[PDB]
Every structure is written in structure tokens, then in C-alpha cells.
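Add 5 to the 1-based position in the sequence shown for full-length UniProt numbering, that's all there is to it.
For each residue, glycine too, the CB sits at the ideal point set by N, CA and C.
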Amino acid sequence: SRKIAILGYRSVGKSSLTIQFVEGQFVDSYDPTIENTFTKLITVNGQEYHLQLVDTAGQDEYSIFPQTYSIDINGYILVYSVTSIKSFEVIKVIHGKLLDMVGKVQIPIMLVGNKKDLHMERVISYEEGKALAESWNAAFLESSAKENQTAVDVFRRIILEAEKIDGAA
Ligand SMILES: Nc1nc2c(ncn2[C@@H]2O[C@H](COP(=O)(O)OP(=O)(O)O)[C@@H](O)[C@H]2O)c(=O)[nH]1
Ligand SMILES: [Mg+2]
């Protein structure tokens, strides 16, 4: 049982992949940007896995200081956009600090790149992102809400690293 926190700029497509991922199905999904908690129970290798993710925007991209973000999770999935130097740079910021705040051990970190159909432009480099995810020992993933297959790939790849990071902490 681990809850993964979602950190994605505005209209980055959080709610889109949150619904497409959790359900594992690309549905119409065309609502505003409401915050909430989601859940996804699945079995990997016969082993049960219960994940719960949240999409919030209290103040900052996610606010490091007390602001309803004092949840009790055990995961983190930051969504970076292949078009918003803002989405990926802030994600790298909130992380640096956040990490610095908890000063804990290796926790499940997932760097997912949403809005893949935009990658056609790819403003951020797969590398820079690689070195980043490698820095925190996180996994770098690039998918699209409008695409299930990609999502799925993010579901397995994450649970996987989730395993490694678990061995550490
Ligand atoms: N091109 C593209 N747009 C997406 C994708 N996922 C969501 N979006 C966009 O996200 C925008 C806002 O919806 P939403 O999912 O609520 O983003 P959120 O405000 O960050 O949660 C809409 O303009 C959607 O087109 C995607 O996979 N590809
Ligand atoms: Mg939203």
C-alpha cells in the first residue's frame, strides 16, 4: 500500500492520465482541473499492489511547506510536459527542496512525461531528464493520456522501480 503524489503544472494533463491510467482506459475525460484522490488495485507477479494517487495544487506547483500536502503517502509521480520548460523545471525544483525537507531515504519516484503527441517538439531532452531521474534513482517515462498503451507501460515500469527503491529504504 503506497500512495503516489501527482505533481503537474496546470492543464498539463494530470486529470487526463489520472483517469486514463487508474482505469487504464482513455475516456472522453474533458472536465476542469479539480483536485482529488484516485486508486488502482492490481496484481503484479501474483503479488497484490494497491496504489493511491493525488492531484492537488494548493499553492505552488505542490507547496513544500504545510498546506494540505501533509498527506501520508509513500510515492511520488511528477508529470513533466514536453512543452513547458515550466512543468519540468518546477518539478525539478519542488523535488530538490522536498527531498531536502524529508531528508529521508529512497522513496518511489516516477518521472512521467505526459502529452506525448507534443513530444513532436520535445523541448526538454530525454537525456537531461534521464540524468535527473537517475539522480534521484527515479524512473523516466514518456506517455500520453490520449494513449493507453503508453500509460500501461508506465504502470509496469513504475511498480518495478517501486520495487527497487523499496529494497533501498
Ligand atoms: N495533447 C495532449 N493533451 C492532453 C493529454 N492529456 C491531457 N491533455 C490536455 O490537458 C488539458 C487540461 O485537462 P487536464 O487533464 O485536467 O489537465 P490538468 O489541468 O493538468 O489536470 C486539455 O487541454 C487536454 O487536451 C495528452 O495526452 N495529450
Ligand atoms: Mg486537474
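Exposed unless 16 or more other CB atoms sit within 10 angstroms - verdict on residue i
i: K8; result: buried
i: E147; result: buried
Three-way DSSP call (helix, strand, coil) for residue i in this model
i: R15; result: coil
i: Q72; result: coil
i: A156; result: helix
i: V98; result: helix
i: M115; result: strand
i: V49; result: strand
i: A144; result: strand
Cβ-heavy atom distance, residue i to ligand 2, below 7 Å
i: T61; result: no
Contact set for residue i: own chain, Cβ-Cβ below 7 Å, skip 5 residues either direction
i: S16; result: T38
i: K91; result: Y14
Spatial neighbours of residue i in its chain, beta-carbon cut-off 8 Å, leaving aside the 5 residues before and after
i: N41; result: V59, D60
i: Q64; result: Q72
i: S68; result: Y74
Contacts around residue i, its chain only, beta-carbon distance under 6 Å, and the 5 residues preceding and following it disregarded
i: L22; result: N119, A150
i: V95; result: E66
Check: residue i C-beta below 7 Å from any heavy atom of ligand 4
i: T73; result: The ligand content of the structure shown is limited to ligand 1 and ligand 2, which means ligand 4 is not among them.
- Query: Which residues have a Cβ closer than 7 Å to any heavy atom of ligand 1, listed in chain order?
  - Reply: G13, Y14, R15, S16, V17, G18, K19, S20, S21, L22, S34, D36, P37, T38, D60, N119, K120, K121, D122, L123, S149, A150, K151, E152
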